[PDB]
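Below is one structure, written out as structure tokens, with a few remarks after it.
Number of protein chains: 4
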Amino acid sequence: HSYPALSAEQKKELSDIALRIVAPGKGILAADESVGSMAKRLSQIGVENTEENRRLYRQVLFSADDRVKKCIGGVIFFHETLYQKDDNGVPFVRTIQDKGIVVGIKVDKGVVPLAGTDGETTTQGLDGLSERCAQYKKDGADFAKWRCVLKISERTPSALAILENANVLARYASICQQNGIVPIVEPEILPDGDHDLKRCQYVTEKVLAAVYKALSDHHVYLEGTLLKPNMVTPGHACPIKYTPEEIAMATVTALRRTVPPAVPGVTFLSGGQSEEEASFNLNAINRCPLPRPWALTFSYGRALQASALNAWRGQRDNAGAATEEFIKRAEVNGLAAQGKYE
Amino acid sequence: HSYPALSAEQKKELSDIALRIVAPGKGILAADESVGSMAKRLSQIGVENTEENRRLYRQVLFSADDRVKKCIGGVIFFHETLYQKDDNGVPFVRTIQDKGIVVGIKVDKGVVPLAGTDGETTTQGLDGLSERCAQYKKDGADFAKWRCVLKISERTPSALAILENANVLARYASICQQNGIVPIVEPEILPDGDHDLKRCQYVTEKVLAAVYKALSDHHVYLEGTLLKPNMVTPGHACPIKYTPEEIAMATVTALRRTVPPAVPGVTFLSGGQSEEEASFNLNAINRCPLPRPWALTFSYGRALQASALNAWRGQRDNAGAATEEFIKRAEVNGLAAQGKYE
Amino acid sequence: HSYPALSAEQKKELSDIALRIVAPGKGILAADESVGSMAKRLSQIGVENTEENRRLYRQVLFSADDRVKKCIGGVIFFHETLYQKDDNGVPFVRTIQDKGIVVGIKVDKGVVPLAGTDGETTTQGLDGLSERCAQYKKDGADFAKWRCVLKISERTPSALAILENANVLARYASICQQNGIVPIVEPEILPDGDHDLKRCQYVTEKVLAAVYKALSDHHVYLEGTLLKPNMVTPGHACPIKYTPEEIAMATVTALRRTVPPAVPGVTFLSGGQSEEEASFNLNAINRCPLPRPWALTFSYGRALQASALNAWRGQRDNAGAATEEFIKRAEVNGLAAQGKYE
Amino acid sequence: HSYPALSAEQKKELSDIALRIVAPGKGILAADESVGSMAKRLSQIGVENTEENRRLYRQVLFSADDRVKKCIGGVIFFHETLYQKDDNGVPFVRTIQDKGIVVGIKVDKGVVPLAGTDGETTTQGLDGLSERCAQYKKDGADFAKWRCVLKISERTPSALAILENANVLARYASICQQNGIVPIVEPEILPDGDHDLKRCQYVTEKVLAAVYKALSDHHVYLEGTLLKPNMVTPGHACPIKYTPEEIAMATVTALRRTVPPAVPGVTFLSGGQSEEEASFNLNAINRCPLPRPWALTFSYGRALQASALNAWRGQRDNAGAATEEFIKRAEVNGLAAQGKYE
């Protein structure tokens with residue numbers, strides 16, 4: 037029942053790519069904002085949601101200088117963006133590549149409804165994914181991202197929701213690897229709700245436990261993957277206050293009860309945390325007493341570009357300032373990714 | 037954990053549609069041949085594989101007269117075809133509809149490789165399926181077909197292959213029903229191989245057992261579905277000869293050990309059987325001593341149009357003869373679907 | 037992967053035994069009351085809970101005359117009782133056997149706690165069960181009973197509780213059959229709670245769906261088993277009133293969405309129903325419009341001996357009256373088992 | 037769905053006990069030989085299989101001096117033995133306890149047949165296990181052992197065999213922990229066969245993956261357990277020769293793809309290896325380049341007492357020599373448990 041999914045050479049390539057991304061003090065810039073979600077972010081600072089205005093903004097990020105090299109191991113592109121160029125006619129991909137940063141693409145095609153559940157979902161994107169990966173690889177991508185979304189309520193992460201999702205992730209992962217692309221498995225358990233830290237840890241543990249069993253079933257090569265989970269934290273509506281110490285404690289405990297040592301790194305998602313909240317929590321995590329067999333860095337989206345976006349404000353002059361705001365957060369998180377951030 | 041997937045009204049509509057299709061002495065004409073597989077069939081009789089030549093041939097089938105009404109409960113269309121018209125400018129859908137026959141569409145988007153298996157597969161098509169169903173319904177379809185393919189060898193229907201597939205079917209089924217479309221769950225276990233009847237029955241039983249547990253997990257409404265399995269039979273390469281009695285015995289036993297009584301009908305697939313072989317076996321099945329809580333008819337593809345296609349031979353004159361060859365088989369199978377075929 | 041669990045001869049013996057038990061108008065007398073639960077029942081009518089007082093009472097039941105032959109297909113014994121004799125020194129087993137009624141024994145060794153759940157359980161008894169079955173068979177038993185217990189609450193029939201239990205049943209069943217003993221699979225979903233009919237049906241459907249998938253996994257011979265489920269009904273504390281018609285409707289729907297046609301019969305458990313309530317509901321079930329591929333009779337405990345026990349009251353004179361009260365209910369339920377009870 | 041299986045205090049006690057056992061340079065002496073298997077071992081050196089001859093031999097082991105303290109973290113007792121005393125009337129348990137070594141008992145009640153499989157099994161012992169654990173704890177035991185057995189052949193570790201077993205282990209584990217007893221989960225994949233290293237690794241990975249998912253499902257506290265797997269190695273009948281380096285490489289890879297970091301230690305089973313083979317392989321493992329989040333020591337049976345038993349030969353004089361042979365192997369393996377054995 038063992039028919040080698042990957043050759044020795046292939047496993048190597050995947051493992052290498054994976055390790056480069058989560059290399060010490062390095063994290064991931066998640067700039068894979070769909071043209072849709074991008075509309076919301078741009079609206080907050082004025083800016084019409086044009087393809088141009090998006091190219092312009094992405095440029096603000098990608099034009100960061102060399103100090104971004106020490107803290108950014110990879111950049112997740114949104115399809116559109118993967119084919120855009122800066123004002124000099126230089127492919128954004130080219131630029132990031134030249135700085136030695138790894139290139140990636142969001143490949144999932146959005147979340148969809150699970151009939152019979154309490155507003156739960158699953159994710160689509162598997163159709164033609166293999167051809168697409170082959171193409172993306174051919175265009176410079178070495179890793180991908182697929183986002184599943186789970187929710188916590190009186191009865192939400194349901195057997196079905198956990199069953200599916202865990203399975204979809206495994207499918208997606210399997211397909212990426214046979215195309216020389218490291219897959220970031222992202223089983224995001226939303227913070228919405230008034231649940232306490234205990235509960236989030238519980239649910240996180242059960243979800244991950246399922247996710248890895250699925251990966252096993254689908255013969256996914258663990259050492260050639262990355263996990264992008266949510267940090268275990270109270271619901272946005274939970275009244276209780278917690279120490280980033282307490283959060284780090286629960287998060288690391290959860291992870292070390294479910295993630296096999298073979299996984300090279302866990303790239304946390306900023307979620308609804310503030311630029312600082314993310315940095316503090318990440319730092320705390322990397323300072324947790326408990327032993328960690330894997331890299332514990334970041335794969336932040338807003339937590340890396342909030343202030344940056346706020347500075348730019350659509351103005352061509354504010355470009356450099358915006359870029360600074362980004363490089364700043366990129367650097368601090370690069371430190372938090374080693375617990376050495378004060 | 038019970039959040040009503042379907043309203044009472046909806047369950048009704050599905051159940052009705054299902055029952056109309058498998059009504060006594062009625063079966064399904066499977067004319068959902070992909071433009072690809074259609075090339076092979078047309079090549080055998082000359083005929084260039086044009087959209088026109090296909091429209092022409094499908095016309096030969098759909099132009100059958102009213103005696104087709106007693107034996108054909110439904111017709112499965114291939115996308116393209118669902119929008120073609122006869123020489124009078126009349127939508128093929130319209131015609132079939134006017135005869136009171138139910139309209140259906142193949143919605144799966146083909147089989148794909150399961151990395152790490154011995155040439156096993158799964159099926160894709162889930163992306164956007166809900167929107168598509170909504171559309172197809174709006175265009176006259178009331179039921180759909182999705183084909184998964186399993187294979188028998190020293191170690192083929194693997195836990196993974198059975199796990200996935202069973203799951204995909206459940207997903208597909210779930211989506212169809214929330215769009216008022218009865219789904220035909222088709223877990224086809226290919227005949228290729230030299231395995232004996234015993235083995236095929238075994239594998240068939242295990243596969244189905246998984247398929248229904250999956251449907252349960254996904255909250256699929258059984259009484260609003262149909263099962264299109266393979267009849268349990270020896271591998272094409274099995275030396276041993278079996279009575280259609282023996283085949284019927286194994287097939288019915290397998291089905292009654294796995295299919296819940298709630299499933300309205302099982303529409304067998306002709307597979308690699310000859311026009312007669314299918315009719316004989318189906319008849320035998322409907323004459324099996326064992327009790328059957330469900331309709332046991334047909335959902336034949338080649339077994340209904342082999343001779344028809346052979347007669348037409350692409351000639352406009354042979355049209356009527358071709359149509360006769362079809363109506364003939366359609367009628368006999370309509371009889372075999374009641375065990376009353378001599 | 038198919039290594040014949042049972043020979044053709046063996047499958048036959050099991051199937052026969054099964055069918056004899058659920059033969060038309062016939063049901064099961066469940067007199068397998070543990071010495072513990074027997075204490076409670078005896079206390080309600082005075083009577084010290086002695087081995088003798090128990091033998092005496094069981095005698096009241098087993099001394100029923102020949103009219104018990106038309107409505108009682110089998111009698112479930114409690115270990116102790118299986119070796120007791122009437123006042124004439126005649127083995128209770130002998131007596132029941134001579135009337136052509138089938139003999140059975142409760143073999144489970146009680147329910148136990150599932151650590152980490154909300155007061156949920158599982159059942160023990162598997163240790164040495166094979167040797168025990170071999171013995172019981174050698175002593176006249178041809179079928180056995182094992183009771184698992186599930187509970188309905190905001191979050192009770194938990195994945196774990198359903199997973200285990202379903203699995204234990206399968207183990208127990210598998211072991212019985214390899215010892216020529218038909219196993220009664222009893223996944224009882226308690227009525228406690230204020231849940232409505234809808235919910236009980238839902239939970240019942242999910243539990244059964246799991247139970248049969250388990251049986252499949254363990255290679256249990258379905259046509260050589262019997263299902264002793266709870267009728268789907270509202271919780272004891274549900275305010276809503278339901279027609280025995282409504283109850284029959286839900287119960288049969290649930291069963292026909294999960295039980296394969298191969299199962300010879302479903303022997304409902306009286307649960308907390310009154311002698312009449314059980315009879316009415318059973319009758320209604322057997323009069324439900326929906327088709328049923330299996331026998332739908334009873335495997336009643338209190339519902340057959342409530343009034344009987346109440347009459348006896350421990351008095352040697354009241355013996356005959358008590359026996360009458362039993363024969364009465366046994367007969368009516370034998371009618372309800374055919375929907376012909378007014 | 038989270039109802040705390042263990043209190044904070046309890047989790048602590050378990051974790052501590054676990055860590056003491058696998059403390060650096062320390063391993064486990066497995067002297068839990070059933071009176072049955074003990075007959076075979078004694079026969080090889082003459083010695084009648086008496087309770088006395090067994091007590092005598094166990095004494096040879098337990099009378100080891102203080103240098104056994106640095107390499108032996110725990111001793112697994114066979115029930116009988118747990119209540120035997122040395123010639124001075126001193127409880128073997130007392131002695132081991134005074135040296136600060138942890139006491140454990142085999143609790144499984146033997147392997148049994150899985151009907152329908154190719155000579156596969158499962159393990160029994162769950163009946164009354166909770167009461168028994170409570171007792172054993174009360175008698176000085178702090179950890180237990182349960183052995184499941186899997187086999188490798190063209191089609192042996194079957195879905196069923198893996199499903200069950202993994203489940204039984206989880207049950208056993210769950211019960212032990214609620215009784216303050218650390219459970220050693222032993223899913224032994226036998227070496228019998230002519231399969232190569234690759235295959236054993238594959239099967240080992242799949243089995244473990246299932247085992248841990250099961251533990252999760254049953255809410256077993258990982259950091260309060262221990263894993264006693266087989267080292268991944270070729271079948272006894274495999275022609276190919278492998279470096280203990282190669283064996284260590286496969287073994288560690290397998291383990292780090294399945295065992296969560298939370299598991300304190302993996303105590304390998306000597307299996308059919310020779311006293312040296314076990315020591316060499318263990319050493320190699322502890323010298324493998326790959327990172328290991330857990331202790332990698334031994335839980336040897338014959339590999340610790342082969343020569344010891346061979347020396348004793350039943351002679352009262354050879355006692356001391358026998359004891360030396362044991363202490364010798366105990367020490368070397370204590371070194372191999374740190375990769376520092378030459």
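Chains as they are written, first to last, in the numbering used here: chain A, 37 to 378; chain B, 37 to 378; chain C, 37 to 378; chain D, 37 to 378. Note that beta-carbon positions come from the ideal geometry of N, C-alpha and C, so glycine has one too.
### Task
Kindly identify the DSSP beta-bridge partner or partners of residue 203 of chain A.
Residue 203 of chain A pairs with nothing; no bridge assigned.
#### Entry: Amino acids of chain D, ordered along the chain, whose beta-carbon sits closer than 9 angstroms to that of residue 145 of chain C
In chain order: 163, 164.
### For residue 183 of chain B, the first and last residue of its enclosing alpha helix (DSSP H)
Not the alpha helix (DSSP H): residue 183 of chain B falls in the beta strand (DSSP E), residues 179–186.
### Query
When you check each C-beta in the region 88–117 of chain B against every C-beta of chain A, which residues fall closer than 9 angstroms?
Sequence-ordered contacts of the region 88–117 of chain B with chain A are nonexistent [C-beta pairs closer than 9 angstroms].
### Query
How about residue 248 of chain C: is its C-beta nearer than 9 angstroms to some C-beta of chain B?
Yes, residue 248 of chain C lies at the interface with chain B (some Cβ there is under 9 angstroms from its Cβ).
### Query
Do the CB positions of residue 295 of chain C and residue 297 of chain B come within less than 9 angstroms of each other?
In contact: residue 295 of chain C and residue 297 of chain B (Cβ atoms closer than 9 angstroms).
### Task
Flag residue 195 of chain D as yes if its beta-carbon sits less than 9 angstroms from any beta-carbon of chain C, otherwise no.
Judged by the 9 angstroms Cβ criterion, residue 195 of chain D is in contact with chain C.
### Query
If the cut is a Cβ gap below 9 angstroms, which residues of chain C does residue 238 of chain B touch?
Those are 37, 38, listed as they occur along chain C.
### Local conformation of residue 362 of chain D per DSSP, three classes
In this structure, residue 362 of chain D counts as helix in the three-state DSSP scheme.
### Task
Taking residue 326 of chain B and residue 288 of chain B to be in contact with their CB atoms under 8 angstroms, please state how far apart those CB atoms are, rounded to whole angstroms.
The pair is a contact, with the Cβ atoms about 5 angstroms apart (cut-off 8 angstroms).
### Task
Return the bridge partner residues of residue 301 of chain A from the DSSP annotation.
Bridge partners of residue 301 of chain A: A/331.
### Query
Buried or exposed: which applies to residue 276 of chain C, given that a residue is buried once 16 or more other Cβ atoms fall within 10 Å of its Cβ?
Exposure of residue 276 of chain C is indicated by the presence of fewer than 16 other C-beta atoms within 10 angstroms of its C-beta.
### Message
Determine, for residue 76 of chain A, whether the minimum Cβ-Cβ distance to residues of chain D falls below 9 angstroms.
### Response
At a cut-off of 9 angstroms between C-beta atoms, residue 76 of chain A does not count as an interface residue with respect to chain D.
### Query
What's the C-alpha gap between residue 242 of chain C and residue 262 of chain A?
So the two alpha carbons sit approximately 35 angstroms from each other.
### Message
Using 8 angstroms for Cβ pairs, my map puts residue 233 of chain C next to residue 270 of chain C. What's the rounded Cβ distance?
### Response
Contact annotation, residue 233 of chain C with residue 270 of chain C: C-beta distance approximately 5 angstroms; criterion of less than 8 angstroms satisfied.
### Task
Select from D/222, D/236, D/221 the residue whose C-alpha is nearest the C-alpha of residue 228 of chain D.
Nearest to residue 228 of chain D by alpha-carbon distance, out of D/222, D/236, D/221, is D/236.
### Task
Taking C-beta pairs closer than 8 angstroms, name the residues in chain D that residue 210 of chain C reaches, listed in chain order.
Those are 150, 151, 152, listed as they occur along chain D.
### Message
With H, G and I counted as helix, E and B as strand and the rest as coil, what does DSSP make of residue 208 of chain C?
### Response
Here residue 208 of chain C sits in helix by DSSP.
### Task
Taking only beta-carbon positions, decide if residue 54 of chain B is within less than 9 angstroms of chain C.
No, because no Cβ of chain C sits closer than 9 angstroms to the Cβ of residue 54 of chain B.
### Message
Is residue 323 of chain B close to chain C? Criterion is C-beta to C-beta, closer than 9 angstroms.
### Response
Contact with chain C is absent for residue 323 of chain B, since none of that chain's Cβ atoms lies less than 9 angstroms from the residue's Cβ.
#### Entry: Residues of its chain near residue 115 of chain B, where Cβ-Cβ distance is below 8 angstroms and the 5 sequence neighbours each way are ignored
Within the same chain, Cβ atoms closer than 8 angstroms to the Cβ of residue 115 of chain B are found at 141, 142, the five residues on either side in sequence being excluded.
### Task
Return the first residue and the last residue of the alpha helix (DSSP H) that residue 380 of chain D is part of.
Only positions 37 to 378 of chain D appear in this structure, which leaves residue 380 of chain D out of reach.
### In DSSP terms, what residue 127 of chain C is bridged to
According to DSSP, residue 127 of chain C bridges with C/121.
### Task
Closer than 7 angstroms by beta-carbon distance: list the chain C residues that pair up with residue 294 of chain B, in chain order.
Around residue 294 of chain B, the beta-carbon contacts reaching into chain C at under 7 angstroms are 296.
#### Entry: Exposure of residue 86 of chain C, with buried meaning 16 or more beta-carbon neighbours within 10 Å
Of the other Cβ atoms in all chains shown, fewer than 16 fall within 10 Å of the Cβ of residue 86 of chain C; this residue is therefore exposed.
### Query
So what's residue 383 of chain B in DSSP terms, helix, strand or just coil?
Absent from the model: residue 383 of chain B. The displayed extent of chain B is 37 to 378, so no value can be given.
### Query
Leaving out five residues before and five after residue 367 of chain C in sequence, what residues of the same chain have Cβ atoms less than 6 angstroms from its Cβ?
Taken in chain order, the residues that qualify are 107.
### Query
Within the 9 angstroms Cβ cut-off, does residue 231 of chain C reach chain D?
Not closer than 9 angstroms to any Cβ of chain D, the Cβ of residue 231 of chain C fails to qualify, so no.
### Query
In its own chain, which residues sit with a C-beta less than 8 angstroms from the C-beta of residue 278 of chain B, not counting the 5 before and 5 after it?
Closer than 8 angstroms at Cβ, skipping near neighbours: 233, 269, 270.
### Task
Tell me, to the nearest whole angstrom, how far the beta carbon of residue 311 of chain B is from that of residue 343 of chain B; I am working on the premise that it is less than 8 angstroms.
Yes, residue 311 of chain B and residue 343 of chain B are in contact; Cβ-Cβ is about 6 angstroms, under 8 angstroms.
### Message
Tell me the residue span of the alpha helix (DSSP H) that contains residue 249 of chain B.
### Response
Annotation: the continuous alpha helix (DSSP H) that includes residue 249 of chain B extends over 233–253.
### Query
So, helix, strand or coil for residue 346 of chain D, using DSSP?
DSSP places residue 346 of chain D in helix when its eight states are reduced to three.
### residue 60 of chain C burial status per 10 Å Cβ neighbour count (16 or more: buried)
Exposed, because fewer than 16 other Cβ atoms sit within 10 Å of the Cβ of residue 60 of chain C.
### Query
Closest to residue 90 of chain B by CA distance: which of B/73, B/56, B/104, B/105 is it?
Taking residue 90 of chain B as reference, the option from B/73, B/56, B/104, B/105 with the minimal CA-CA separation is B/73.
### Task
Tell me whether residue 37 of chain B is buried or exposed, calling it buried when 16 or more other Cβ atoms sit within 10 Å of its Cβ.
By the beta-carbon neighbour count (other beta carbons within 10 angstroms, threshold 16), residue 37 of chain B is buried.
### Task
Using a Cβ cut-off of 7 angstroms, pull out every chain G residue sitting near residue 214 of chain B, in sequence order please.
Of the protein chains in this structure, namely A, B, C and D, none is chain G.
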